[PDB]
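Worksheet: one structure, shown below.
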Amino acid sequence: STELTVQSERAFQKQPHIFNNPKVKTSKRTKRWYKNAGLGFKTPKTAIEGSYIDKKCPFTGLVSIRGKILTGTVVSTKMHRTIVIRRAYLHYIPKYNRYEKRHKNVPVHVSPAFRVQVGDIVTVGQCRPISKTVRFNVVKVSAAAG
Amino acid sequence: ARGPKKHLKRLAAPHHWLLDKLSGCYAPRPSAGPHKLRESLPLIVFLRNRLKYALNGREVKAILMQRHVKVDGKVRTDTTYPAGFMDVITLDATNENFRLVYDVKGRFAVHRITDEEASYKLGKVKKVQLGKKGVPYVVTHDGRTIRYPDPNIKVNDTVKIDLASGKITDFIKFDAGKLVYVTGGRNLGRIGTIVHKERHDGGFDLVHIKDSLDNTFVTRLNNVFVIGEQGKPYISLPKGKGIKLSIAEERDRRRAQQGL
Amino acid sequence: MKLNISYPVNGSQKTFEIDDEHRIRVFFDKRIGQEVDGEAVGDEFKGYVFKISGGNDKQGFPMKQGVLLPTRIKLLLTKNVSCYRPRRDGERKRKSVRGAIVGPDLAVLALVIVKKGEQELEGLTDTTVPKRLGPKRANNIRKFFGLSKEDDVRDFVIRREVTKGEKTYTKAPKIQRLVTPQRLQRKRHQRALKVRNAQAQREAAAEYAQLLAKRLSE
RNA sequence: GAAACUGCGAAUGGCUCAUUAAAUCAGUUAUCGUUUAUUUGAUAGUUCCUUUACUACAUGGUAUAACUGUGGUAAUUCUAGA
RNA sequence: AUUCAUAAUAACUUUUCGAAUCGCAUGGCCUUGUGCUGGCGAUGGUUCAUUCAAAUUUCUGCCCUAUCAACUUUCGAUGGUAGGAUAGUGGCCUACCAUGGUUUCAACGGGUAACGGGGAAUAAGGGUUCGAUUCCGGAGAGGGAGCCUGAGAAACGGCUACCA
């Protein structure tokens, strides 16, 4: 569950059209923009005080949350900024009248204002597809048993 | 498949046009226009299935080309014109004024009105938005955009708009306890009140409808359409008054009225 | 081969069929656009400085400009370039073509006189044909007759005479771009509609501002 | 009222079912992730010039078809020269 | 839910749009110049809206097959940064940087006499087989790719290339 420095790659990670004016004495140490996610969900305090960028985040970021809202547990965490959900559910069969246990996987974009690991029932909404698998951004988290 | 359909066969048009299955393959396929092709009705099926003033498309074309049919006041020679909701199709020849309002069953029927009330159509607004030079504007559901509104208007408010002025007259602010005309689904064409209103923020908010005769139902909100004050609707209403009798008492009314 | 010769200044054109190989071979190693004198093919052509224009091969496959390396060849053609009128607009087509440099099997060459010599040719020196359809734009008529700005070009147009079986009558071109009281009323109406719609939106904005002041009065 | 120039449409219809097995497709979603002729409805007061010796607005230019005539090739909804 | 609509500033732009158009009527004026106004409706012309649409896209759902138990990565396989491309998101592609992603809850590979769905047949109920076919959606114009025109086509009653 690792993090990084301020700037790492060959660009300078900032947000678009946010201009920390060097001439005026910035009493505050940044101009950190964010938004409210809606659907009753709360921006974490870590997001506002934080120092990541992640343009794909619903918080301090440029994508938006709409479409389906879902939950699920976390089975993989070994990517960079993405986890892998397992929406466990039951499938009916008409003929046998009996359920059958089934699952999918739906990898979502873990933002670095959210500390997740294996366990961690999360809640996560749809956010204008990010890469080939990931269409979902995590918005709320919770632990597993303790 | 490379571009826009211009044909549309029978067994694919809406059912509120009530077209017979036979005497063609095709169904008169609205042009682009003010009203959607699920919620509108072309002038040709209006004139030849619902008013019987012609028997042939040859005939309907000549009828429209004689410049009498002033659908919302303007002469229309286009057979494929999508006449839709709250439309004020008037004449000069028979001096009649038809307003496209529904049935209790969900069918654009005939509603013959006077010259008074043939001079205003209603409209639900569906987005109100700000444009060039700081000018606000308001949409309707025929696509009549209107600049310089009353700022008291919000979304889902209805407006009485005349024919030719535009010039937004008496609107109705939307809230609880108002007469509306539900125009979709199975609640299409029934009239009730705004007994309760609910917001499911994010998807498809709803409104409880109580009619006069104690029948609660609960509709979606793109099917709502305010027709006005409590017992005071701004236009006239058909037979049934949008009440949707049960089928057994419907048969009972038909049988009792059958004969003297 | 067969040689068409054209003189535009009198507006005429005529085919000859010279066969003397010693005369014909002087036109080889020559592309389209060059100038010659035809003293080899005829002493009657002496002094007549020509300019080669084009022609067809022994199969009718024509030539063009900048179509060098002269054996018969295929080429993808487009609009606005010759040897192909597009049968469906937008379409291009691959038509065959022949090179402009004169070789032996150029079955028809055609050329123009650009400088008249001294001798006489019976059908292209004294026989003159005027133009068929006269000027029809007003400024074309003004430049054709050398007319001034207000010389009333209405009644100075080319009138053509026809009889039906006996009934003689004149006819004239319908002059387009004439300044008419029609266009006067049209420009008047269009400008007036523009300024009036502008003033109407201004006054509507003013009335709306009064209404917003009344709303803000609370 | 032929021929053409123009603008439109020939992307619709029609046919078959070879492929394609989480692909299509059916329900159910989104465009806060974008284009859209058309029809409908709105909409447009400013274009050049150290703002005096201005520079068409009662209005500016040639450049091509159909046509005329000379032709090709056995031959195309072929075309060239003028 | 917004960096949303919008508004303003500083400029930039092979400076896009701002009717050199047409048909009926022929009307009102005085300072008669043959001057000044003047309607009805036809195409266009910029953005926005509506409509007809289209493309992506969330979820969930497919017949047989283990005599198919591991698959994916040169050449993108999963994910990030940033750029190009695009109508626009997007590994769609490129550089760089991590080894990820899937799977005995059946992945990947094979079959099919596989277009799918609306439905059809047979029907006690539970079902089983079929659906090339009168409608929607798809896909293709001999096989395969490329591209002009155009709002819209990888158009074939269009073109070009090869192969048959």
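Chain labels follow the order of the structure tokens: the first chain is A, the next B, and so on; residue numbering restarts at 1 in every chain, and ligands are counted from 1 in their shown order.
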
Kindly provide the residues of chain C that approach chain B to within 12 Å, each paired with its closest atom pair and their distance in Å to one decimal, based on only C-alpha atoms, listed by chain and increasing number, as a Markdown table.
| residue | atom | partner | partner_atom | distance |
| --- | --- | --- | --- | --- |
| C:201 | CA | B:147 | CA | 10.1 |
| C:202 | CA | B:133 | CA | 11.7 |
| C:203 | CA | B:148 | CA | 11.7 |
| C:204 | CA | B:148 | CA | 8.1 |
| C:205 | CA | B:148 | CA | 7.8 |
| C:206 | CA | B:148 | CA | 10.7 |
| C:207 | CA | B:148 | CA | 9.5 |
| C:208 | CA | B:148 | CA | 6.6 |
| C:209 | CA | B:148 | CA | 9.6 |
| C:210 | CA | B:148 | CA | 11.8 |
| C:211 | CA | B:150 | CA | 8.5 |
| C:212 | CA | B:151 | CA | 8.4 |
| C:213 | CA | B:151 | CA | 11.9 |
| C:214 | CA | B:151 | CA | 11.5 |
| C:215 | CA | B:151 | CA | 8.7 |
| C:216 | CA | B:151 | CA | 11.0 |

What residues in chain A have any atom no more than 8 Å from chain D when counting only C-alpha atoms (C1' of nucleotides), and can you write them as a short mmCIF file (atom, residue, chain, number, x, y, z; two decimals) with C-alpha atoms, in the first residue's frame?
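Writing the result to part-v2.cif gives the following:
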data_model
loop_
_atom_site.label_atom_id
_atom_site.label_comp_id
_atom_site.auth_asym_id
_atom_site.auth_seq_id
_atom_site.Cartn_x
_atom_site.Cartn_y
_atom_site.Cartn_z
CA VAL A 63 -13.77 13.13 -14.04
CA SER A 64 -17.32 12.91 -12.70
CA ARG A 66 -22.75 9.18 -12.51
CA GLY A 67 -24.34 6.05 -13.93
CA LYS A 68 -24.42 2.94 -11.77
CA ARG A 128 -16.30 7.89 -18.13
#

Would you kindly report the residues of chain B within 9 Å of chain E, using only C-alpha atoms (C1' of nucleotides), as a PDB file with N, CA and C atoms, in the first residue's frame?
ATOM      1  N   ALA B   1     -25.770   1.393 -39.896  1.00  0.00           N
ATOM      2  CA  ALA B   1     -25.909   1.074 -41.308  1.00  0.00           C
ATOM      3  C   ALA B   1     -25.936   2.335 -42.165  1.00  0.00           C
ATOM      4  N   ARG B   2     -24.816   3.042 -42.170  1.00  0.00           N
ATOM      5  CA  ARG B   2     -24.431   4.097 -43.105  1.00  0.00           C
ATOM      6  C   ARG B   2     -25.298   5.350 -43.066  1.00  0.00           C
ATOM      7  N   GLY B   3     -26.406   5.382 -42.322  1.00  0.00           N
ATOM      8  CA  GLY B   3     -27.142   6.618 -42.187  1.00  0.00           C
ATOM      9  C   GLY B   3     -28.630   6.516 -41.913  1.00  0.00           C
ATOM     10  N   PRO B   4     -29.298   7.682 -41.870  1.00  0.00           N
ATOM     11  CA  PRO B   4     -30.613   7.790 -41.232  1.00  0.00           C
ATOM     12  C   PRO B   4     -31.691   7.092 -42.021  1.00  0.00           C
ATOM     13  N   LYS B   5     -32.510   6.348 -41.294  1.00  0.00           N
ATOM     14  CA  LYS B   5     -33.675   5.690 -41.854  1.00  0.00           C
ATOM     15  C   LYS B   5     -34.622   6.743 -42.395  1.00  0.00           C
ATOM     16  N   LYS B   6     -35.124   6.532 -43.600  1.00  0.00           N
ATOM     17  CA  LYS B   6     -36.228   7.344 -44.062  1.00  0.00           C
ATOM     18  C   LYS B   6     -37.496   6.532 -44.232  1.00  0.00           C
ATOM     19  N   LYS B   9     -41.631   0.826 -41.383  1.00  0.00           N
ATOM     20  CA  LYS B   9     -42.699  -0.033 -41.830  1.00  0.00           C
ATOM     21  C   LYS B   9     -43.813  -0.017 -40.817  1.00  0.00           C
ATOM     22  N   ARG B  10     -45.005  -0.362 -41.277  1.00  0.00           N
ATOM     23  CA  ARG B  10     -46.039  -0.685 -40.331  1.00  0.00           C
ATOM     24  C   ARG B  10     -45.599  -1.875 -39.518  1.00  0.00           C
ATOM     25  N   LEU B  11     -46.167  -1.966 -38.321  1.00  0.00           N
ATOM     26  CA  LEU B  11     -45.766  -2.709 -37.137  1.00  0.00           C
ATOM     27  C   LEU B  11     -44.502  -2.124 -36.580  1.00  0.00           C
ATOM     28  N   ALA B  12     -44.212  -0.855 -36.804  1.00  0.00           N
ATOM     29  CA  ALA B  12     -43.144  -0.217 -36.066  1.00  0.00           C
ATOM     30  C   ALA B  12     -43.479   1.185 -35.601  1.00  0.00           C
ATOM     31  N   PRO B  30     -42.661  10.294 -39.462  1.00  0.00           N
ATOM     32  CA  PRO B  30     -42.592  11.740 -39.279  1.00  0.00           C
ATOM     33  C   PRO B  30     -41.291  12.309 -39.736  1.00  0.00           C
ATOM     34  N   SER B  31     -41.325  13.504 -40.290  1.00  0.00           N
ATOM     35  CA  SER B  31     -40.078  14.190 -40.515  1.00  0.00           C
ATOM     36  C   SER B  31     -39.528  14.689 -39.187  1.00  0.00           C
ATOM     37  N   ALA B  32     -38.362  15.301 -39.259  1.00  0.00           N
ATOM     38  CA  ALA B  32     -37.919  16.052 -38.114  1.00  0.00           C
ATOM     39  C   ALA B  32     -38.873  17.207 -37.899  1.00  0.00           C
ATOM     40  N   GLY B  33     -39.049  17.567 -36.651  1.00  0.00           N
ATOM     41  CA  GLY B  33     -40.059  18.524 -36.325  1.00  0.00           C
ATOM     42  C   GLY B  33     -40.005  18.896 -34.874  1.00  0.00           C
ATOM     43  N   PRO B  34     -41.076  19.389 -34.380  1.00  0.00           N
ATOM     44  CA  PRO B  34     -41.079  19.866 -33.005  1.00  0.00           C
ATOM     45  C   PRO B  34     -41.251  18.738 -32.011  1.00  0.00           C
ATOM     46  N   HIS B  35     -41.906  17.663 -32.433  1.00  0.00           N
ATOM     47  CA  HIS B  35     -42.341  16.625 -31.511  1.00  0.00           C
ATOM     48  C   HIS B  35     -41.840  15.258 -31.951  1.00  0.00           C
ATOM     49  N   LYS B  36     -41.449  14.449 -30.967  1.00  0.00           N
ATOM     50  CA  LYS B  36     -40.772  13.181 -31.181  1.00  0.00           C
ATOM     51  C   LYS B  36     -41.669  12.189 -31.902  1.00  0.00           C
ATOM     52  N   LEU B  37     -41.053  11.208 -32.560  1.00  0.00           N
ATOM     53  CA  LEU B  37     -41.885  10.335 -33.362  1.00  0.00           C
ATOM     54  C   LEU B  37     -42.506   9.224 -32.544  1.00  0.00           C
ATOM     55  N   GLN B 129     -31.899  27.826 -19.466  1.00  0.00           N
ATOM     56  CA  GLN B 129     -30.468  27.921 -19.662  1.00  0.00           C
ATOM     57  C   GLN B 129     -30.095  29.326 -20.113  1.00  0.00           C
ATOM     58  N   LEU B 130     -28.830  29.675 -19.938  1.00  0.00           N
ATOM     59  CA  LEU B 130     -28.332  31.014 -20.227  1.00  0.00           C
ATOM     60  C   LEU B 130     -27.526  30.980 -21.518  1.00  0.00           C
ATOM     61  N   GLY B 131     -27.713  31.982 -22.376  1.00  0.00           N
ATOM     62  CA  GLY B 131     -27.055  32.000 -23.664  1.00  0.00           C
ATOM     63  C   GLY B 131     -26.277  33.260 -23.954  1.00  0.00           C
ATOM     64  N   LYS B 132     -26.187  33.598 -25.237  1.00  0.00           N
ATOM     65  CA  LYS B 132     -25.361  34.694 -25.710  1.00  0.00           C
ATOM     66  C   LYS B 132     -25.853  36.027 -25.171  1.00  0.00           C
ATOM     67  N   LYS B 133     -24.885  36.922 -24.964  1.00  0.00           N
ATOM     68  CA  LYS B 133     -25.091  38.302 -24.518  1.00  0.00           C
ATOM     69  C   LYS B 133     -25.814  38.332 -23.165  1.00  0.00           C
ATOM     70  N   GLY B 134     -25.567  37.320 -22.337  1.00  0.00           N
ATOM     71  CA  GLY B 134     -26.205  37.218 -21.045  1.00  0.00           C
ATOM     72  C   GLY B 134     -27.701  37.015 -21.079  1.00  0.00           C
ATOM     73  N   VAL B 135     -28.248  36.495 -22.169  1.00  0.00           N
ATOM     74  CA  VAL B 135     -29.695  36.388 -22.308  1.00  0.00           C
ATOM     75  C   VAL B 135     -30.155  35.029 -21.805  1.00  0.00           C
ATOM     76  N   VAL B 139     -36.809  26.454 -22.515  1.00  0.00           N
ATOM     77  CA  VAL B 139     -37.193  25.539 -23.571  1.00  0.00           C
ATOM     78  C   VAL B 139     -38.634  25.109 -23.324  1.00  0.00           C
ATOM     79  N   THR B 140     -39.258  24.541 -24.349  1.00  0.00           N
ATOM     80  CA  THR B 140     -40.482  23.778 -24.175  1.00  0.00           C
ATOM     81  C   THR B 140     -40.273  22.364 -24.695  1.00  0.00           C
ATOM     82  N   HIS B 141     -41.381  21.642 -24.856  1.00  0.00           N
ATOM     83  CA  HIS B 141     -41.322  20.292 -25.396  1.00  0.00           C
ATOM     84  C   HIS B 141     -41.775  20.206 -26.839  1.00  0.00           C
ATOM     85  N   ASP B 142     -42.051  21.329 -27.489  1.00  0.00           N
ATOM     86  CA  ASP B 142     -41.982  21.379 -28.939  1.00  0.00           C
ATOM     87  C   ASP B 142     -40.693  22.016 -29.397  1.00  0.00           C
ATOM     88  N   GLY B 143     -39.868  22.416 -28.450  1.00  0.00           N
ATOM     89  CA  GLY B 143     -38.604  22.991 -28.810  1.00  0.00           C
ATOM     90  C   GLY B 143     -38.707  24.481 -28.970  1.00  0.00           C
ATOM     91  N   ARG B 144     -39.873  25.055 -28.669  1.00  0.00           N
ATOM     92  CA  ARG B 144     -39.960  26.505 -28.609  1.00  0.00           C
ATOM     93  C   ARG B 144     -39.073  27.014 -27.489  1.00  0.00           C
ATOM     94  N   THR B 145     -37.968  27.614 -27.886  1.00  0.00           N
ATOM     95  CA  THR B 145     -37.130  28.367 -26.983  1.00  0.00           C
ATOM     96  C   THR B 145     -37.633  29.792 -26.930  1.00  0.00           C
TER      97      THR B 145
END

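Shell of residue 92 of chain B at 12 Å, with only C-alpha atoms (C1' of nucleotides) counted and residues fewer than 4 places along the chain excluded, is residues 66, 67, 68, 69, 70, 71, 73, 75, 96, 97, 98 and 115 of chain B.
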
Restrict the selected residues to N, CA and C atoms and save them as an mmCIF file, in the first residue's frame.
data_model
loop_
_atom_site.group_PDB
_atom_site.id
_atom_site.type_symbol
_atom_site.label_atom_id
_atom_site.label_comp_id
_atom_site.auth_asym_id
_atom_site.auth_seq_id
_atom_site.Cartn_x
_atom_site.Cartn_y
_atom_site.Cartn_z
ATOM 1 N N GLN B 66 -53.368 23.344 -50.271
ATOM 2 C CA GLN B 66 -54.260 24.495 -50.353
ATOM 3 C C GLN B 66 -54.092 25.513 -49.209
ATOM 4 N N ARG B 67 -53.086 25.363 -48.333
ATOM 5 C CA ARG B 67 -52.694 26.340 -47.302
ATOM 6 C C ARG B 67 -53.830 26.698 -46.356
ATOM 7 N N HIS B 68 -54.499 25.682 -45.827
ATOM 8 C CA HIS B 68 -55.521 25.957 -44.831
ATOM 9 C C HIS B 68 -55.090 25.472 -43.459
ATOM 10 N N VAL B 69 -54.272 24.432 -43.412
ATOM 11 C CA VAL B 69 -54.002 23.784 -42.141
ATOM 12 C C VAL B 69 -52.903 24.543 -41.415
ATOM 13 N N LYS B 70 -53.295 25.328 -40.423
ATOM 14 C CA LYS B 70 -52.369 26.188 -39.695
ATOM 15 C C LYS B 70 -51.964 25.557 -38.363
ATOM 16 N N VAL B 71 -51.177 24.476 -38.436
ATOM 17 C CA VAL B 71 -50.733 23.724 -37.260
ATOM 18 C C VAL B 71 -49.849 24.616 -36.412
ATOM 19 N N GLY B 73 -50.841 27.653 -36.046
ATOM 20 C CA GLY B 73 -50.993 28.922 -36.721
ATOM 21 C C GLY B 73 -50.303 29.057 -38.055
ATOM 22 N N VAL B 75 -49.206 27.647 -41.872
ATOM 23 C CA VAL B 75 -49.648 26.766 -42.949
ATOM 24 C C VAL B 75 -48.604 25.692 -43.226
ATOM 25 N N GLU B 96 -62.889 25.048 -37.872
ATOM 26 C CA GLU B 96 -62.747 24.233 -36.685
ATOM 27 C C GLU B 96 -61.328 24.313 -36.151
ATOM 28 N N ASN B 97 -61.210 24.022 -34.868
ATOM 29 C CA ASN B 97 -59.955 24.149 -34.165
ATOM 30 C C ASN B 97 -59.752 22.884 -33.359
ATOM 31 N N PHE B 98 -58.782 22.076 -33.749
ATOM 32 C CA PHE B 98 -58.471 20.846 -33.053
ATOM 33 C C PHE B 98 -57.255 21.064 -32.172
ATOM 34 N N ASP B 115 -62.635 29.317 -31.186
ATOM 35 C CA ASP B 115 -61.524 30.201 -31.534
ATOM 36 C C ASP B 115 -60.815 30.714 -30.296
#

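Considering only C-alpha atoms (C1' of nucleotides), the residue among E:103, E:3, E:128, E:9 positioned nearest to residue 70 of chain E is E:103.
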
>> If we count only C-alpha atoms (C1' of nucleotides) and set the cut-off at 10 Å, which residues sit around residue 89 of chain C, ignoring sequence neighbours fewer than 5 positions away in its own chain? Please answer as a PyMOL selection string.
In response: (chain C and resi 79) or (chain E and resi 148-149+158)

I need the chosen residues saved as a PDB file, in the first residue's frame, with C-alpha atoms (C1' of nucleotides).
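So selection35.pdb came out as:
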ATOM      1  CA  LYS C  79     -12.085  16.726 -61.614  1.00  0.00           C
TER       2      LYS C  79
ATOM      3  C1'   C E 148     -12.459  10.813 -52.720  1.00  0.00           C
ATOM      4  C1'   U E 149     -17.398  13.098 -52.318  1.00  0.00           C
ATOM      5  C1'   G E 158     -18.693   4.622 -56.464  1.00  0.00           C
TER       6        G E 158
END

>> I'd like the neighbourhood of residue 241 of chain B as an MDAnalysis selection string, where a residue qualifies if any of its atoms comes within 12 Å (using only C-alpha atoms (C1' of nucleotides)), though same-chain residues fewer than 4 positions away should be ignored.
In response: chainID B and resid 101:105 111 179:181 189:192 211:213 231 233 235:237 245

Let's have the selection written as a PDB file, in the first residue's frame, with C-alpha atoms.
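Result file follows (part_32.pdb):
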ATOM      1  CA  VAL B 101     -54.781  16.131 -26.346  1.00  0.00           C
ATOM      2  CA  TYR B 102     -54.932  12.467 -25.497  1.00  0.00           C
ATOM      3  CA  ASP B 103     -57.564   9.962 -24.547  1.00  0.00           C
ATOM      4  CA  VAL B 104     -58.045   8.271 -21.226  1.00  0.00           C
ATOM      5  CA  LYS B 105     -56.605   5.295 -23.099  1.00  0.00           C
ATOM      6  CA  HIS B 111     -60.990  17.764 -29.151  1.00  0.00           C
ATOM      7  CA  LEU B 179     -53.712  19.382 -11.682  1.00  0.00           C
ATOM      8  CA  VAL B 180     -51.406  17.548 -14.069  1.00  0.00           C
ATOM      9  CA  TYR B 181     -51.886  15.485 -17.174  1.00  0.00           C
ATOM     10  CA  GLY B 189     -53.533  10.415 -20.442  1.00  0.00           C
ATOM     11  CA  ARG B 190     -54.869  10.293 -16.899  1.00  0.00           C
ATOM     12  CA  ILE B 191     -55.463  13.429 -14.819  1.00  0.00           C
ATOM     13  CA  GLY B 192     -54.793  13.879 -11.139  1.00  0.00           C
ATOM     14  CA  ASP B 211     -57.031  11.694  -9.173  1.00  0.00           C
ATOM     15  CA  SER B 212     -60.494  12.834  -8.181  1.00  0.00           C
ATOM     16  CA  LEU B 213     -62.004   9.374  -7.728  1.00  0.00           C
ATOM     17  CA  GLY B 231     -60.657  22.244 -10.601  1.00  0.00           C
ATOM     18  CA  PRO B 233     -57.572  23.800 -15.927  1.00  0.00           C
ATOM     19  CA  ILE B 235     -57.818  24.419 -21.404  1.00  0.00           C
ATOM     20  CA  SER B 236     -60.727  22.067 -22.044  1.00  0.00           C
ATOM     21  CA  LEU B 237     -60.708  18.353 -21.490  1.00  0.00           C
ATOM     22  CA  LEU B 245     -62.484   3.711 -15.438  1.00  0.00           C
TER      23      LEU B 245
END

>> According to DSSP computed on the backbone, where in segment 107-253 of chain B is there alpha helix (DSSP H)? Give the residues as number ranges by chain.
In response: B: 247-253

Which residues of chain E have any atom within 7 Å of an atom in chain A when counting only C-alpha atoms (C1' of nucleotides), and what is the closest pair of atoms for each, with the distance in Å to one decimal? Order the rows by chain and rising number and write it as a tab-separated table.
residue	atom	partner	partner_atom	distance
E:1	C1'	A:38	CA	4.8
E:58	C1'	A:68	CA	5.9
E:79	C1'	A:80	CA	5.7
E:80	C1'	A:80	CA	6.5
E:81	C1'	A:9	CA	5.7
E:82	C1'	A:11	CA	6.3
E:89	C1'	A:128	CA	6.4
E:90	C1'	A:131	CA	5.7
E:100	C1'	A:79	CA	6.5
E:105	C1'	A:102	CA	4.7

Those same residues - N, CA and C atoms (P, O5', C5', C4', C3', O3' and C1' of nucleotides) - I'd like them written as a PDB file, in the first residue's frame.
ATOM      1  P     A E   1     -25.508  19.689  -6.857  1.00  0.00           P
ATOM      2  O5'   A E   1     -24.143  19.131  -7.465  1.00  0.00           O
ATOM      3  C5'   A E   1     -23.094  18.708  -6.610  1.00  0.00           C
ATOM      4  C4'   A E   1     -21.997  18.040  -7.382  1.00  0.00           C
ATOM      5  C3'   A E   1     -21.676  18.651  -8.725  1.00  0.00           C
ATOM      6  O3'   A E   1     -20.719  19.674  -8.615  1.00  0.00           O
ATOM      7  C1'   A E   1     -21.963  16.331  -8.960  1.00  0.00           C
ATOM      8  P     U E  58     -19.322  -1.203 -20.665  1.00  0.00           P
ATOM      9  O5'   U E  58     -20.076  -0.833 -19.323  1.00  0.00           O
ATOM     10  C5'   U E  58     -19.456   0.021 -18.377  1.00  0.00           C
ATOM     11  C4'   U E  58     -20.363   0.272 -17.221  1.00  0.00           C
ATOM     12  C3'   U E  58     -21.138  -0.941 -16.800  1.00  0.00           C
ATOM     13  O3'   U E  58     -20.365  -1.859 -16.060  1.00  0.00           O
ATOM     14  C1'   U E  58     -22.618   0.849 -16.984  1.00  0.00           C
ATOM     15  P     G E  79      -6.096  -1.489 -17.523  1.00  0.00           P
ATOM     16  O5'   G E  79      -4.975  -0.825 -16.647  1.00  0.00           O
ATOM     17  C5'   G E  79      -5.254  -0.562 -15.303  1.00  0.00           C
ATOM     18  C4'   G E  79      -4.119   0.154 -14.679  1.00  0.00           C
ATOM     19  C3'   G E  79      -3.735   1.472 -15.292  1.00  0.00           C
ATOM     20  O3'   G E  79      -4.595   2.534 -14.933  1.00  0.00           O
ATOM     21  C1'   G E  79      -1.820   0.215 -14.850  1.00  0.00           C
ATOM     22  P     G E  80      -4.643   3.894 -15.785  1.00  0.00           P
ATOM     23  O5'   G E  80      -3.347   4.671 -15.370  1.00  0.00           O
ATOM     24  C5'   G E  80      -3.230   5.128 -14.049  1.00  0.00           C
ATOM     25  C4'   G E  80      -1.834   5.571 -13.749  1.00  0.00           C
ATOM     26  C3'   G E  80      -1.324   6.728 -14.563  1.00  0.00           C
ATOM     27  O3'   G E  80      -1.834   7.960 -14.102  1.00  0.00           O
ATOM     28  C1'   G E  80       0.316   5.076 -14.470  1.00  0.00           C
ATOM     29  P     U E  81      -2.399   9.033 -15.144  1.00  0.00           P
ATOM     30  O5'   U E  81      -1.131   9.915 -15.494  1.00  0.00           O
ATOM     31  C5'   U E  81      -0.295  10.382 -14.457  1.00  0.00           C
ATOM     32  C4'   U E  81       1.046  10.783 -14.988  1.00  0.00           C
ATOM     33  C3'   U E  81       1.006  11.578 -16.267  1.00  0.00           C
ATOM     34  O3'   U E  81       0.757  12.935 -16.029  1.00  0.00           O
ATOM     35  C1'   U E  81       2.601   9.876 -16.462  1.00  0.00           C
ATOM     36  P     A E  82      -0.515  13.595 -16.709  1.00  0.00           P
ATOM     37  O5'   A E  82       0.046  14.081 -18.112  1.00  0.00           O
ATOM     38  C5'   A E  82       1.201  14.894 -18.165  1.00  0.00           C
ATOM     39  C4'   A E  82       1.988  14.667 -19.427  1.00  0.00           C
ATOM     40  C3'   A E  82       1.205  14.674 -20.724  1.00  0.00           C
ATOM     41  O3'   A E  82       0.899  15.974 -21.184  1.00  0.00           O
ATOM     42  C1'   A E  82       2.745  12.891 -20.728  1.00  0.00           C
ATOM     43  P     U E  89     -10.427  13.291 -26.270  1.00  0.00           P
ATOM     44  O5'   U E  89     -10.936  12.153 -25.292  1.00  0.00           O
ATOM     45  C5'   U E  89     -11.508  12.522 -24.057  1.00  0.00           C
ATOM     46  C4'   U E  89     -12.058  11.346 -23.301  1.00  0.00           C
ATOM     47  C3'   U E  89     -11.113  10.204 -23.019  1.00  0.00           C
ATOM     48  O3'   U E  89     -10.269  10.496 -21.935  1.00  0.00           O
ATOM     49  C1'   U E  89     -13.274   9.397 -23.569  1.00  0.00           C
ATOM     50  P     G E  90      -8.782   9.938 -21.867  1.00  0.00           P
ATOM     51  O5'   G E  90      -8.901   8.430 -22.312  1.00  0.00           O
ATOM     52  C5'   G E  90      -9.139   7.429 -21.356  1.00  0.00           C
ATOM     53  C4'   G E  90      -9.216   6.091 -22.012  1.00  0.00           C
ATOM     54  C3'   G E  90      -7.996   5.676 -22.782  1.00  0.00           C
ATOM     55  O3'   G E  90      -6.975   5.192 -21.946  1.00  0.00           O
ATOM     56  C1'   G E  90      -9.892   5.228 -24.054  1.00  0.00           C
ATOM     57  P     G E 100       2.799  -8.879 -10.248  1.00  0.00           P
ATOM     58  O5'   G E 100       1.829  -7.650  -9.981  1.00  0.00           O
ATOM     59  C5'   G E 100       0.451  -7.740 -10.287  1.00  0.00           C
ATOM     60  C4'   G E 100       0.079  -6.809 -11.396  1.00  0.00           C
ATOM     61  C3'   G E 100      -1.199  -7.147 -12.130  1.00  0.00           C
ATOM     62  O3'   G E 100      -2.363  -6.681 -11.487  1.00  0.00           O
ATOM     63  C1'   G E 100       0.483  -6.839 -13.686  1.00  0.00           C
ATOM     64  P     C E 105     -15.170 -24.313  -8.850  1.00  0.00           P
ATOM     65  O5'   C E 105     -16.031 -23.067  -9.312  1.00  0.00           O
ATOM     66  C5'   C E 105     -16.944 -23.233 -10.383  1.00  0.00           C
ATOM     67  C4'   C E 105     -17.613 -21.949 -10.786  1.00  0.00           C
ATOM     68  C3'   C E 105     -16.698 -20.901 -11.407  1.00  0.00           C
ATOM     69  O3'   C E 105     -17.380 -20.127 -12.388  1.00  0.00           O
ATOM     70  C1'   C E 105     -17.781 -20.006  -9.551  1.00  0.00           C
TER      71        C E 105
END

>> Please return, as a PyMOL selection string, all residues of segment 103-143 of chain C that DSSP assigns to strand (DSSP E) on the basis of the backbone.
In response: chain C and resi 108-115
